[PDB]
Amino acid sequence: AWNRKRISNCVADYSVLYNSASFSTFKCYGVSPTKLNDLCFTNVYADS
Amino acid sequence: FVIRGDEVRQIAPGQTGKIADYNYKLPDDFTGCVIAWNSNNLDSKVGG
């Protein structure tokens, strides 16, 4: 019953996570995390 | 140097991370060898 959410009209800095982030497992496909703050994304869907 | 248990992936060429960008970094065409082993019995102490 995985939960799904749609996000739009906001700013998506990723460094803000690293203040207290704890992610042992990280993976990206089709994009470089470095360029994350230098791109725009039409559809943002988050599953948890 | 000494690193944390989760940071094994960080000390490697080409990827991102706090330790690479801020503390210890390698070139994109690094040549050499990297060894990492636990030393909990060695470095840790009572009370932290």
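What counts and how
Residues numbered from 1 in each chain as written, not as in the entry; some residues may be left out. Chains lettered and ligands numbered in written order. Part of a larger assembly, values for the part shown. Heavy atoms only, no water. Helix = DSSP H or I, 4+ residues; strand = E, 2+ residues; numbered from the N terminus. Buried < 20%, exposed > 50% of the residue type's maximum accessible area, 1.4 Å probe, protein only. Salt bridge = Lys/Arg side-chain N within 4 Å of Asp/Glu carboxyl O.

In the PDB archive, cryo-EM is given as the structure determination method for this entry, at a resolution of 4.0 Å.

Chemist: I'm lost on unusual backbone geometry in this one. Help?
Modeler: Residues and elements named next belong to chain A. Positive phi is not limited to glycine here, since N9 has a value of about 60°. Its place among the elements puts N9 in the loop between strand 1 (4–7) and strand 2 (44–47). The class of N9 is exposed, set by a relative accessible area of 79%.

Chemist: I would appreciate a short explanation of the pattern of salt bridges in the present structure.
Modeler: It is possible for side chains of opposite charge to pair when their charged atoms get near one another. By the definition in use, this model includes two salt bridges over all chains. Of the charged contacts in the structure, one is a salt bridge between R4 of chain A and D47 of chain A, with a shortest N-O distance of 2.7 Å. One end of the pair, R4 of chain A, is in strand 1; the other, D47 of chain A, is in strand 2, with 43 residues separating them in the sequence. The exposure class assigned to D47 of chain A is partly exposed, which follows from its relative accessible area of 45%. The salt bridge partner of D21 of chain B is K25 of chain B, with a shortest N-O separation of 3.0 Å. Under the relative-accessibility criterion, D21 of chain B is labelled partly exposed at 43%. The partly exposed category is assigned to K25 of chain B, whose relative accessible area is 48%.

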